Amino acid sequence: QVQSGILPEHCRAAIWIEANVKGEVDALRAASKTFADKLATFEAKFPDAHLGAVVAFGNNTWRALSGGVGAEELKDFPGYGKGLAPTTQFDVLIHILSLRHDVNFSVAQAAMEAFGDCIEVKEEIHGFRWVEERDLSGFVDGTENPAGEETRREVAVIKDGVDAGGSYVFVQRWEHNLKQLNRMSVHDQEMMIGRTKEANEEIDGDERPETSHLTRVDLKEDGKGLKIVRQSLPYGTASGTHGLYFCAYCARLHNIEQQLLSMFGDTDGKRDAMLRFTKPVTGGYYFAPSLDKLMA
């Protein structure tokens, strides 16, 4: 039911392909089935790679494909924080993840043979897990991510309805200014995130500024926290552009919206303290149908 790329944990490398439709939207129908078929035999060929992939679609493109059944919450990625979080909403998102760069590249090439004549690629980002699974800033990223199979399922996978087995996807590429980050003392960095750096222990939410990243994103509704499955990975070049490619899956887009509203100032006027050294430069929302509904 669920596409294979949502639930796996601890991937070491990933490819994200963002693209707009080229020509008639209807060509995505056969391209998606061809890629899913190739994807399947790839996964049985390389079991030790823990390969997964998900194909997701933007609002206008999915409405034409659905159509326009389900995916109520899906909409074009708006702004947040008055341009602080820009919008670069595209039509198709392909996320490939596994333990191996070489397998990911064969799958991304298979995707490009399937979708080549009906998409125009806008960015292809190669993520990699860094040493000790730390963000390039030096902080461990992903500790409080849900785990494992059953919990991640209830957070990310739609349980019933037309969109059962589906999921909502948010992708946002950040560009780190590590020079600006290494201005701050390690203590100042820890107040910015909410956890100590080398030790990755959560700082109490009263000895920690309200602008801290954890205070921004640790949100509760009806006494229950709004959870997401994060598949983010560092990306880029040492001498050039680098940062975090943020990727989140959730059964409801609402959880992701609430955290963006908090982080970028549209909830209580306060902004995430990480904006002192890094900035998002892309942003889009996508609905990932079930592997079944992908008509493959």
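So that there is no doubt, residue numbering starts at 1 and follows the sequence shown.
Of the two stretches examined, 230-238 and 248-256, the record assigns the greater average C-alpha temperature factor to 248-256. Of the two segments, 122-130 and 221-229, the one listed with the higher mean B-factor is 221-229 (C-alpha atoms only).
Within the selection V92, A164, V186, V103, the deposited Cα B-factor values reach their highest point at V186.
You'll see in the entry that, of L51, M263, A44, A64, the Cα B factor peaks at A64.
In the PDB entry, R152 places in the middle third of its chain by CA B-factor. Annotation for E9: C-alpha temperature factor in the middle third relative to the rest of the modelled chain, per the entry. Placement of the Cα temperature factor of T215 within the chain: highest third of the modelled residues, per the deposited record. Annotation for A30: C-alpha temperature factor in the highest third relative to the rest of the modelled chain, per the entry. Per-chain ranking of the deposited C-alpha B factor places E72 in the highest third.
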